[PDB]
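Just one chain follows, in the form deposited in one PDB entry, and it is written as structure tokens.
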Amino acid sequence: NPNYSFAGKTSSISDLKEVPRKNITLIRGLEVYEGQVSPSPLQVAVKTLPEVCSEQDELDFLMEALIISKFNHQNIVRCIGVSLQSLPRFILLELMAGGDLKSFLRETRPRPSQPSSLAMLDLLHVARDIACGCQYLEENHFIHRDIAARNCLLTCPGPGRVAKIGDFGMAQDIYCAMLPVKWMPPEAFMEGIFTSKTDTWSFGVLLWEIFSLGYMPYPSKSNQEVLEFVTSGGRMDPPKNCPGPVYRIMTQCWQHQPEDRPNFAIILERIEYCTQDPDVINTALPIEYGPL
């Protein structure tokens, strides 16, 4: 019966909104499923706990539910509720029909078949959306410890999409071959120290992911190669066609000392300035060659 504290308030399993299992219908796989909760039922994403799981997996599933349920921000995926009293156990989330941001960027790259699928403003809007969520976490003293394109989701694929932070596993914090080293600042991988300025660093890496249209950070480098590179002052080059003003946000996010990195209010200010600049937003994204 673990307690969870966020923004000075403590909650437990009893605070989670239990939805009767009979009101929940699974529609398709997306494990995660599209579902409906009951003339116009609510469309949801359903995250499931495998019945064949360990006891730690059970506790981790509960904690995930507690964490997400206590956030209240338009750029953090909503929790509709849970169904923990039937098996397999469910967490019911906001349906994000656009899927994860990394997959979206890769699949929606400008190609000859789709020459204007995305523009710079689309990318700056995604960046602003996630920075807004990050500012909310910072203001509420929550350290994400796992900001990355794979952990962000889109409301829909088409125009008007809103990006949100969707996953809260805190993968960077060991307090390893699964460690997301490519998103971690020096103090995190060396000393295991995390603060809101460690989220700033990771946001810089996300910005690179966005403006590269979904490339893996540090092209051709392994995890240890990246660790040694970043420790010695090495930084990524700009993504292809990346405007100078946008690259400078990245390089500010990657200052060696945490105190020299911007907070999320400043990041948002800088993203807004880029969004206003015609030379930035009139920059064409590269076209990835393919058939008509």
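Shifts are known only where both forms have a C-alpha. Each form is matched to the other, and the largest set of C-alpha atoms that superpose within 1.5 Å is called the rigid core. In case it trips you up, residue 1 is the first one in the sequence shown, and so on.
The same protein has a further form, the form deposited in another entry, not shown here; the description that follows concerns it.
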property: Moved residue between the shown form and the other one - picked from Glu228, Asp237, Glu259, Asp57, where its Cα shifts 2 angstroms or more relative to the rigid core; result: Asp57
property: Cα displacement of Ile281 between the shown form and the other one reaching 2 Å, rigid core superposed; result: no
property: Core-aligned C-alpha movement of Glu272 between the shown form and the other one, 2 Å or more; result: no
property: Threshold 2 Å Cα movement between the shown form and the other one for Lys9, core superposed; result: yes
property: Outcome for the Cα pair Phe90, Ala7 in the other form, compared with this form (closer or farther; change of 3 Å or more); result: closer
property: Comparison of CA distance in the other form with shown form for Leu153, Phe6, at least 3 Å; result: farther
property: Segments of at least three residues whose Cα atoms shift by 2 Å or more between the shown form and the other one, after superposing on the rigid core; result: 1 to 9, 11 to 16, 54 to 59, 168 to 171, 290 to 292
